[PDB]
Structure formats: structure tokens, C-alpha cells
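>>> partial complex here, more coming in a sec:
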Amino acid sequence: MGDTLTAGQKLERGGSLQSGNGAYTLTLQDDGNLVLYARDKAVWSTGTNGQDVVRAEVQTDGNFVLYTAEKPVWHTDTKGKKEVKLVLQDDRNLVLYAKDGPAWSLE
């Protein structure tokens, strides 16, 4: 745990920065907030708690930024289906075949 992020480096969930003397810790938490702690007492934060923040990156173009991960907005909900292939057939039916057979079709 060092005290510097160079252009290209990023803090991820859990990952943090420690000051030289080891008094101050800037830590990107899993709650989505980048907090600064002075001996177990939060003194500043980004105020992004309750958000899906995955990385806090010092970019090349020259700005520190916190990004949300890619959020799922629509899914067929067929987790764990083996060897899946989506096919658009000539019968105007979009189907999602699996190892056992059709897992999802709009029909």
C-alpha cells in the first residue's frame, strides 16, 4: 500500500491508498464510496455510497474518475445452461438452444 497513483493506475473495490506516516487511508469500499479515514474516523468521501462503483482510475487525459460497472438491464435468465447458442431462424423465431435443447424462445 503506497501513497501515489500514476496516470494509468486504478483503485478497485477494497483497494486503497496509505499516507507516508500511515495515519491516513483513502479506501474504495464495496458500498461504492471512496472514503478517507483518519484513524478509524471518516473525514471525507466522494458520496457515491449505495452505487455500483467498480474502479477509481487516474486516466491519461488527466482526471481521476469513479466508474460504475456495466449494469444488466435485460436478460433471458437461463444461468447454468450448458453450451448455449442464440439463433435467428427462418420461421421468425429467436431461440436459445442448449446441450439438452431449447432453453428460451420468444415464440
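Received the coordinates, thanks. Numbering: from 1, shown residues only, chains lettered A, B, ... in the order given.

>>> leaving out sequence neighbours, find the closest residue to residue A:89.
Take residue A:89 and drop its neighbours on the chain: the residue closest to it by CB to CB, 6 or more residues apart in numbering is residue A:95, 6.5 Å away. Where you see a C-beta, it was placed from the backbone N, CA and C, and this is true even at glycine.

>>> if I look at the one you found, how far off is residue A:81?
As for residue A:95, its distance to residue A:81 is 12 Å (criterion: CB to CB, to the nearest Å).

>>> repeat that for residue A:75.
12 Å.

>>> which one's more surrounded, these two?
residue A:81 (15 against 7; other CB atoms under 10 Å).

>>> for residue A:52, see how far away the more buried one is.
According to CB to CB, residue A:81 and residue A:52 sit 25 Å apart.

>>> go ahead and add chain B:
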Amino acid sequence: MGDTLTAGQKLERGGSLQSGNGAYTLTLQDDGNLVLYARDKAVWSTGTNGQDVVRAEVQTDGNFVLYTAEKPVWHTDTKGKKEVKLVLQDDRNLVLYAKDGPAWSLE
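Let me add chain B to what's already shown:
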């Protein structure tokens, strides 16, 4: 120009699938909607228009999912600054030093 998305594959902004007979087109659009067309007639949609959907992936586990891209929620706003580094100091101040001095801090 194809009719199949095997495990791992995805549709990317603007990309599309085409049925064997060439009557039907599934296309992830720029506006965000995954829509199936019957030559100018939208027969089926995900209703994800308006959202920042970047890919529509047939995942390895089995689940076909649409994802909205990573969105910045907090930033320092110093784009255009050259050679930047974030530093948590012993005086407690967190500073983003640029090639021409401190670009952002707490003071």
C-alpha cells in the same frame, strides 16, 4: 450477416443478425434497443431504447444478457492536464499533481 451467436459471442452497437432467408433482422441499435425487424416492421423489441446498451452477450454460463456501459458518476474535472498523479499526503491533503503543479486538492 450471420444467423448464429455461439457461447461467448455478443452483438455490439449497430451489429445485427440475419436469418437464412434474409427476411428477418435482429439488431442492437445505437439508441439501445435490441429489435427484431420483418423488413421495416418491428415485430419484437427488448424496450431498452434510451439506455446506454453497449453489448448483448450470449454468456459462457448460459444466460443471454444486455449490458449498459460503464458510467462515470464522480470525477475531479481536470481533463486536459498533462502527466497527472494522485497523492495522499501526511498533511492529510489529497492532491492531483499535474506537470504544471497541483490541478486539484482540498483547500
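
>>> what sits against the residue lying closest to residue A:58 once chain neighbours are set aside?
Counting by CB to CB, 6 or more residues apart in numbering or on different chains, residue A:58 lies nearest to residue A:5, which is 4.5 Å off, once chain neighbours are set aside. By CB atoms under 8 Å, 6 or more residues apart in numbering or on different chains, the contact list for residue A:5 reads A:11, A:17, A:58, A:64, B:85, B:86, B:87.

>>> what helices or strands is the helix or strand containing residue A:67 leaning on?
Assigned by DSSP states H and E, residue A:67 belongs to strand A:64-68. Secondary-structure packing of strand A:64-68 (3 or more CB pairs under 8 Å, 6 or more residues apart in numbering or on different chains; DSSP states H and E): strand A:53-58, strand B:72-75.
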